[PDB]
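A single chain, nothing else alongside it, follows as structure tokens in the form deposited in one PDB entry.
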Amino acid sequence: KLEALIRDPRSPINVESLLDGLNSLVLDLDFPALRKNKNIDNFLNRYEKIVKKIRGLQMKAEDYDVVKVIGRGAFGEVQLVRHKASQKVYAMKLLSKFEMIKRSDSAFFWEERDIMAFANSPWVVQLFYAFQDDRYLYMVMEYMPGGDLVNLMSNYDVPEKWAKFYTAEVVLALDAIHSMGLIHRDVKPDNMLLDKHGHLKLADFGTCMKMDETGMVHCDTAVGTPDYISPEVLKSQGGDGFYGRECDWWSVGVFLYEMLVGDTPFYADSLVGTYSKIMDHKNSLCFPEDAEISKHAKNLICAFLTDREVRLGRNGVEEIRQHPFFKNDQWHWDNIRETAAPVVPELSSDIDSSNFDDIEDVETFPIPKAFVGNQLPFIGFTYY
């Protein structure tokens, strides 16, 4: 019953996890200081030359042409790449191993990898390959050439007919995430990407957490992005948070406000002002007088931007769907991803990156004196 798990791609002990373990053993011991131990050198003698050969046969960063950097995050960047052997175009996310360990979070990527690898959903960016080298994790994803929703809003004045459509796709994308047993926690326009047809997919699942059997999570850390974080996730900081998927619906209200107003509803000059605007949302949420927002739109926004106990969506997404804001002549909840998107991108090339702004232009581990094992947390990341 064990040879199933060697073949199983979700298994901790498949062939590509086993190779990871061999490879990281060689990397965490091959130093002059540690080769004064003869056990260690007895191993490096036997294996160092075949481990270097298989390193050449495994997928590596040098198999790709880097065309452009199109995204950045706390621990790395996203590159537009072309696989040279196959000429296929991809988006490749890099995570710095030094910076994930020097900042003591080295476990978020497991859920990101598994969602994109296995969600098999039209609402989730698909992952094709995960591999690593001694400095970086790599995630090879389908390239989303329509750009993200930040870029769309900066380029257009968004009519309600459009916000209607993008809100609905976000709602459906989040509903699919929830049905996998996950709360997103970092829903925002930077995480919402558009494919060649102008339809949405979610991309940055670094904050995702699996729910209880009650549909709740225990968490004592505020997570996500300051403009979009919900009161209950903010309040959970140091305070035994116990909350459900409806935190994601709060971020949908912030998104819809930003689309129709032009600004986030809790903008402040400082992070702590934003945090205190959010805590005081019953009085700080205020629509600009010159904002010609319909009354269905204002109602849906205020129905999302309240406390969780009365938040639209607390009881399920059917009550979101029937909201009159969503009445329209272009799409149904049943077929929206098969209808014409509001902005279909005009693409000049299979590496057209015109919907992404340019981004401009590292530290490494200290040579160890004893066995530290900096590569052990990344064992099992490789995936084909």
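Take the two forms, superpose them, and find the largest set of C-alpha atoms that agree within 1.5 Å; that set is the rigid core. Numbers follow the displayed sequence, beginning with 1.
Please establish whether a third or more of the other compared PDB entries omit coordinates for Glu360.
-> Yes: coordinates for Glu360 absent from at least a third of the compared entries.
Flanks modelled, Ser86 absent in at least a third of other entries | That residue is present in all of the other compared entries.
Size class of the missing deposited segment between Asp361 and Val362 = In the deposited sequence, 4 to 9 residues between these two have no coordinates.
Should the higher mean CA B-factor in the entry be assigned to 168-176 or to 292-300?
-> Looking at the recorded C-alpha B-factors, 292-300 comes out higher on average.
Would 71-79 or 283-291 have the larger average of its C-alpha temperature factors, as given in the entry?
-> Looking at the recorded C-alpha B-factors, 283-291 comes out higher on average.
Which is it among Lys84, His199, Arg308, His184: the one with the largest CA B-factor in the entry?
-> So the option with the highest C-alpha B-factor is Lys84.
Tell me, please, which of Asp212, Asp148, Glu232, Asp248 has the highest C-alpha B factor according to the deposited entry?
-> Across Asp212, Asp148, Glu232, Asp248, the entry lists the biggest C-alpha B-factor for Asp212.
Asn37 - Cα temperature factor, lowest/middle/highest third of chain = Highest third, going by the recorded CA B-factors of the chain.
Chain thirds of CA B-factor: placement of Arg55 | Highest third.
Going by what the PDB entry lists, where does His218 fall on CA B-factor within its chain: lowest, middle or highest third?
-> Highest third - that is where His218 ends up once the chain's C-alpha B-factors are sorted.
Assigned third (lowest, middle, highest) for the C-alpha B factor of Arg135 = For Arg135, whose C-alpha B-factor we compare with every modelled residue in the chain, the answer is the middle third.
Lowest, middle or highest third: where is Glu319 by C-alpha B factor in its chain?
-> Its C-alpha B-factor belongs to the lowest third of this chain's values.
What follows is about the form deposited in another entry, which we do not show.
After aligning the rigid core, which of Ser276, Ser96, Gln126, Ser106 is the one whose Cα travels 2 Å or more between this form and the one not shown?
-> Just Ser276.
Core aligned, does the CA of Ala291 move at least 2 Å between this form and the one not shown?
-> The answer is yes; the displacement is at least 2 Å.
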